[PDB]
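The next block holds one structure in the form of structure tokens; read it before the comments.
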Amino acid sequence: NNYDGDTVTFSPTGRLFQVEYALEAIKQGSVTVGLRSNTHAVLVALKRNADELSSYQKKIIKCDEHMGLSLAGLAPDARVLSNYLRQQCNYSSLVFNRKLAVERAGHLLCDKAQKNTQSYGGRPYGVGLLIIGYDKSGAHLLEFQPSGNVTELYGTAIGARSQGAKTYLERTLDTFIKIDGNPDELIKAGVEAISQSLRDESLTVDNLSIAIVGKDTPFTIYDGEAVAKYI
Amino acid sequence: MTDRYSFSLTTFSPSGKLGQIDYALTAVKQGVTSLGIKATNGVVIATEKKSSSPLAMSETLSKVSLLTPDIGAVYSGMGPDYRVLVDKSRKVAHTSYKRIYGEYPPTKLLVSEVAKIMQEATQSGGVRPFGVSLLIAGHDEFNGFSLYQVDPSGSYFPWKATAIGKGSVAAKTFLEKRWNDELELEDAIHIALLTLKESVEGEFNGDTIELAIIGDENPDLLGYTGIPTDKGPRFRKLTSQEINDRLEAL
Amino acid sequence: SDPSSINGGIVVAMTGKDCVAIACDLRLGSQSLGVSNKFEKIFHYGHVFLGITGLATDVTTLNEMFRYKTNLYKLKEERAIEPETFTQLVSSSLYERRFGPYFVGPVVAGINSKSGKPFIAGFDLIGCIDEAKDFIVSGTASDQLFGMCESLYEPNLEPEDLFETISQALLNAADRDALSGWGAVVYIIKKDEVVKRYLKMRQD
Amino acid sequence: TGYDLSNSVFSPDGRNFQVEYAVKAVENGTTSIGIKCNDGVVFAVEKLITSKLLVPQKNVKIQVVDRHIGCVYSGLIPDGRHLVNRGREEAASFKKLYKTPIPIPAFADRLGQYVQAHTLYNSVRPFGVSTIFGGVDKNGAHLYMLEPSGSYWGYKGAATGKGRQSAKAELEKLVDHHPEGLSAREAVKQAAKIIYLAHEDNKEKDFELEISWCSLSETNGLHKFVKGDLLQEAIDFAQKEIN
Amino acid sequence: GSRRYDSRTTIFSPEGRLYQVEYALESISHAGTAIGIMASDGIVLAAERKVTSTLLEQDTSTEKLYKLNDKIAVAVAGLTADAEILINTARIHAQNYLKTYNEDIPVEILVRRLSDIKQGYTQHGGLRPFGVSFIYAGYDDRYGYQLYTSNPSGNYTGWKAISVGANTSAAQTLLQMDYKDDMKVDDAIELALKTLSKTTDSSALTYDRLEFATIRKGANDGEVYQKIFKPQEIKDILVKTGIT
Amino acid sequence: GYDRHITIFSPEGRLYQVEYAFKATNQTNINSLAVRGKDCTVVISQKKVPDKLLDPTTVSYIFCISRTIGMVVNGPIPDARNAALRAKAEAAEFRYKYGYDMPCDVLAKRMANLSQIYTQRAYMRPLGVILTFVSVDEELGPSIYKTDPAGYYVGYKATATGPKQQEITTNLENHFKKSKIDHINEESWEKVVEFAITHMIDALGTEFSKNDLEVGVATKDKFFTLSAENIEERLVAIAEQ
Amino acid sequence: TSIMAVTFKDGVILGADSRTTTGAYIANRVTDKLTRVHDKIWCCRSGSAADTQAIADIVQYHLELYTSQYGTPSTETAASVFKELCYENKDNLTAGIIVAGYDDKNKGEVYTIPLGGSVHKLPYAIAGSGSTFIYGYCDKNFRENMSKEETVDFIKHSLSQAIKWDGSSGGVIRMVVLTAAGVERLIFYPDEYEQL
Amino acid sequence: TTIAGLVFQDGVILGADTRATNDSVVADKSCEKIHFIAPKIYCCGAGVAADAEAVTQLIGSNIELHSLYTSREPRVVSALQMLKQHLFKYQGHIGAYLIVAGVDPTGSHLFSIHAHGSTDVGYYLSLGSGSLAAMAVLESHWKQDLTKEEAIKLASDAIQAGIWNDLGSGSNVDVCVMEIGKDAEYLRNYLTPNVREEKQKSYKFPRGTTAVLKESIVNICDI
Ligand SMILES: *[C@@H](CS(C)(=O)=O)[C@H](Cc1ccc(CN)cc1)NC(=O)[C@H](CC(C)C)NC(=O)[C@H](CC(C)C)NC(=O)c1cnccn1
Ligand SMILES: [Cl-]
Ligand SMILES: [Mg+2]
Ligand SMILES: [Mg+2]
């Protein structure tokens, strides 16, 4: 109300309204789902078009051969944070001959987003990210909020109507976690999860975007006729 | 951890007033009375040592300060602002003058440098004006004796005699009646003590009054001998005893 | 290669009774080649005189600098600068270039307007003051000038005697130096009149 | 009014309302505690299980500084991480120059000055975390708790977050009933109990216990997490006491 | 953050005026009147001091008339402290020009430089403008005698006769009425003092209240002389013109 | 009314932020007192440990700035520690540059000049603390010098700070009106501490145990704080006469 | 220069000559090369006098500020501060410092810091130009846990030989004893040590 | 140059010659090598003359301002520390070799400072090209508890040894005596053993001897 003019101001109840408004930009964003097993980790994203002439906004960005993310909210902010991730993944490779740990990648994103919430002039990031990766301790899925909170999960969803997909995954938890050495079935479960967040529109060939990473699988993105198999 | 105040805090109001300067002058008005009187063979500056507590040692609080051997200063208003101005005034006398010309600056030019510092607080980013008026008394070889007033605005005017602060309106009227161009230094000290009695409520003695002069050269106060040209400081702060002596002949 | 002796030239200053004299040769050269026979090395800022020997570009530069500084001095102080104060200004200004100095040998000469006291001073290129009672020498024939001044000089010479002594000191020194000569100027300075004389000398 | 809109502005009271508002964020967070024992310290924290989808034992909240200091905090979790990152820089530069690992009181002030610096200017926000931290140094064990204001004291027991009043009461009993002191293994058990008891204030969602400890005898003075059988022994002890 | 307290000194009003310049001009309108009058054989600068006290040491005092070099002087209306910042800059610009070209600075070049400095404060930096209007009186070998004024906006213009400070409306009407192009310095001296004498808010115009100066090319052998009048010399010229 | 939020002048000529920093001074509700002996300077302060969970050994408003200088603070501890650290740094830097130990009064002036800058510069807030510096200076002898948020500082024969400072001040005023000297005419510091404690008991009208006080003592070439047992020995001596 | 520090039962003793030379001229024949960085942490200085002084002054400053914040520093802490300066400015320094100190916990400790800026903790250390002549002697005669009187003799006899052979060393033998009992200064004149 | 300083019963004394030389020639016969720093703190300077003058003047300015700030008498250790820290910074490129002496509330003090920033404490010291001639005399005659009269004699003797035997040193002897509880007394031209002998002839010329091409009056006045 009076305490929402900038990120540097706490409200009387201890809230940062600018951060909460940035959180709101995610809810307006298009739905995207993340889930994993012990062998593979999958991103599924509903891309959004401006109208029937326009392309569908790309939701998934590759960070390294073993890590990447999907976005929901301000796409330019996802570009910034992904580019920062790429550099940290790259720094780890060049200096230490070591692939960056997914948990440590989350920690770096958390601390980058935090600096924007405590200082004047800057604004919080207006985007939520679902980071998947396969590292030396197996498959991982992270949920990044621009408040700074990064959370390691079996599965989740962010964006508009994401609660439908998130309840589905909460029920399916015991099933999909066991989908080991079977990428297609794990993707199916993600495609079925994201279907719970749809209303009116359905999953078309240039609408859907899927990415996967795993044991003997580099992070690769599937779009167009590559995802017709899963519709 | 940034200084974001890169804009003036003193600005022109619709009426053409600079509010912060006027308010700084109001703070000077609330301050204790100090005065200056110029004689033919000297200048005197004086003020009341308004003690905040009787447990405090008012000797330690020097309202009258040596700036150069031949220049002295006193104030009315906010003491802390004055103290830092004295520090800068002493340093600027060396950096912008003594280290260039090998001699101490004349009164008017040192005053000019202090005035500049105070003006900059009136225009620079993120600062309030200084809440003091200074009275600077001094001597130099080519201008002789002089007395200057310096206001929060950075403006300065030379005076024959003046007062600033609490009872300045009444004190200036008193000085107008008494001042003439044939005053000796002792006569000015006598008039200074009379004028200052009117604005003081409580005790009136050498311990509650601070008083200094710019007068003759003091070779006894120099500390060394063997250079005929260096004859010693013209600034001298009168002792508690020296003030009480003159108060008997009052 | 040595900057102080590319261009050449000399300045000498002397005190007398209620007067000072300062003099200089007129040569500017590029080592062996003579280039100008009108290069005066003595300037003045009000009543204070400054001779400068050494590298000619620095001579010109410092003249322009001290004119600048003394002009501002006068606007702020509301009086002309005195020789003693100016000496300190010269020293200050040379030493602030301590580690990239002006390759010069300045000489201050003048009479203090308030005390009436004759005053001369000399400096090395980094500003150390030599405040002599008798005389100051500077330039490529400084050894020669020391030898002339030290024998020829006597204290309390009248203006018109002092002229003869300082002139003969200059001329005979300059004739024993390849890089000095080509004409010479002598200022005789009194409290409120200054006479400037160009000397006839051998033009080799 | 308007004194609460900007950080580093004194109200007519002499209060910095923005700092007191940061405290409300701390009060809103999950319960964390610290227990000073005979030859060390024990830290514990309540981790609210928002969903079944959270991976157990993975979202670690307690953070090590150097090798001998533990840090836990309640409130805005990222603010806590930023403070620990600073602490690590402080502990590194201390060791670089002075060779010895940073003493705990020395470390405590390095954070205390830093947090305090964020109450001096309107261009920064105060920290939205109370931090409980400590460890073993050359002078023995130390436990500290550090507020948004930069205020910190040494403690026998410390607690902050939503269940602080509940926890504080339980800590006060331990202090009264054990004046000669508490052993390291005892403190681990009591910590588990106190987090369980303090969970009545956050009773809607179930939670996950996380404990760490420095102890001269039990860990060689180094910070280590309580894992496996020792963690399960503490959880069992805690579960028995609530029933 | 800090934004809350920023007056925003360098913005336009809806009408397209610069608030702070306009308010600085209002400040200057209360300052003591300064008058500059240009004749064929010299310039006059006359100005009224603002603080009549009997105890003010007038002979060592300078609030209005300052020297910039040997050829150029200024009369000040507004904050004296502000003016003295600008004056020291203008004195340096003169000497920089002299060091570079080995010639005295032309009057318009010095005026433009100062006026450009004042302009800078209205367009950028977020600081308050200089609450100063100048009357520049000067001479150079291109245009001869020149009068200019600058104000806090950094606009400058040339004049034959001009007033700044208080009662400029009344003062400019009286100057416009009695000025002529063939006029001489002695006549201009009289006009300047008569104008101040009618426009002054004081009961009478006296020597202790005035600063006075002339630039004449009536020095020995075709040079130019700046004369800043001493208190006794102002008193004499007041009796001569018949005001006291 | 933004003249009350930053350090600029109100129409009255007042800096409201400085005045409110002074009110923050008493937020601790602690009273301090400083007095001078012949060979020493004693500072005492109330110690209040309201929480049983607090480690009482870490609760202190007295700081050892250098070997020769001690500093007691009235005000919130974060600002107290801000001021302490800076003073320590200044006292070390002084010794390095100028080759002798920083005098008490010079440090007080330095800290005051820093406090002045916060009253003039807008981006810095004043510290809500009153710093009472104590030493046995090698030139001046026993010294008490006090700084406040305004940037004001002055020497003292004795002083008192806190909510009930006026009662302590007037109690001390009356004693020095009788003795007619600037100090406590007493050889041992032990007795000067006993005086300090006794005259605070009389002024405040409360009794003290060993854990209700905190004591600092300056002697020639060292300043040190008394332990709870050292204070207990003091309290026993007071009670026995 | 001939400097040495020797640990023994009750603590540590630092020993030095007093000769400072500019080439073959003895600029100062009564130099104090034993210098105090803390109450019971001293050092012996060799190499450039300007450098070792500038360093020792900075260390004293650091340990004074350490003491204000964190209480008494260890002898190891002092040696680390010396090292940090010497190592990081190795290109612009000619300093060979032996740091010696007494804790109650650690007792007597000696650290030597040669030209490189490396640190070596040793039972005893010898340094300076004159030390080369007494490596043979000091190795053969040193024992651990000597008494105070034995350690004083060991240092006295050692530096006596160092002074005898090295032209750059000479003058008085200064010593500083560091124990729980406190700090004791000793001095030994030519007429005493030369006849040994 | 030949500078020396030594201590006596209740004070310290400095000595210096008065010859400044460029290369092999004598630029100055009466230069002051004893520099003011504070009323009771003085400094003898040898080495590069401009560097030695300038360094002392700077520290003397900063000592004055420090004194004003602290309201105390300046100390010799303050000057010593400030001089050495400045000289060290410049790595000997400021080629000033100084003997600093004075009185303050601590007592009387005597130190030497070399161009690279090293400092020495001594009861008698000497610097400059004549230091060996001076030190020879100090080593032969210095003792503890000298009277002021013996101290001035020994100081002037040490300087004289330099003046006669060292080509770098010459002309007169300057002395400064700083005694406890008294004003420092500065004694320029304390000895004058090298007055030039009268000349055989007067080389004053007959007027008109010099040939002149032109004459003119110079305008030195304003307007
Ligand atoms: C004696 C120093 S010595 C030869 O090392 O014993 C003397 C010390 C001195 C002289 C005058 C003052 C007055 N402020 C103070 C101290 N120093 C000199 O005579 C030096 C000796 C040089 C460094 C070898 N002379 C100079 O510095 C002269 C300037 C003097 C005459 C003012 N300058 C030069 O010799 C010189 C040479 N090349 C380039 C620049 N300057
Ligand atoms: Cl300061
Ligand atoms: Mg020739
Ligand atoms: Mg030829």
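Just so it is clear, chain E uses Swiss-Prot numbers, and the residues here are 2-245, in order.
Every residue gets a Cβ built from N, Cα and C, even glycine.
Taken from Swiss-Prot, the feature ubiquitin cross-link applies to E:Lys100, E:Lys199, E:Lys231, supported by a large-scale study or a structure entry.
Non-local contacts of E:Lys199 (ubiquitin cross-link) by the CB criterion (under 8 A, 6+ apart in sequence, same chain) comprise E:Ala171, E:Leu175. In sequence order, E:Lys100 are the recorded sites among E:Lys100, E:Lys199, E:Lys231 whose C-beta falls under 8 Å from a C-beta of chain C. Every protein chain shown contributes to the tally, and the Cβ of E:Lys100 (ubiquitin cross-link) ends up with 14 other Cβ atoms within 10 Å.
Separation of the C-alpha atoms of E:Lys231 (ubiquitin cross-link) and E:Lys100 (ubiquitin cross-link): 32 Å, rounded to the nearest whole number.
In this entry, nothing among the recorded sites E:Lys100, E:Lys199, E:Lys231 has a C-beta under 8 A from a C-beta of chain A. If you draw a 10 Å sphere around the CB of E:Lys231 (ubiquitin cross-link), it holds 13 other CB atoms from the protein chains shown. E:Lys231 (ubiquitin cross-link) falls within neither a helix nor a strand when secondary structure is assigned with DSSP, and so counts as coil.
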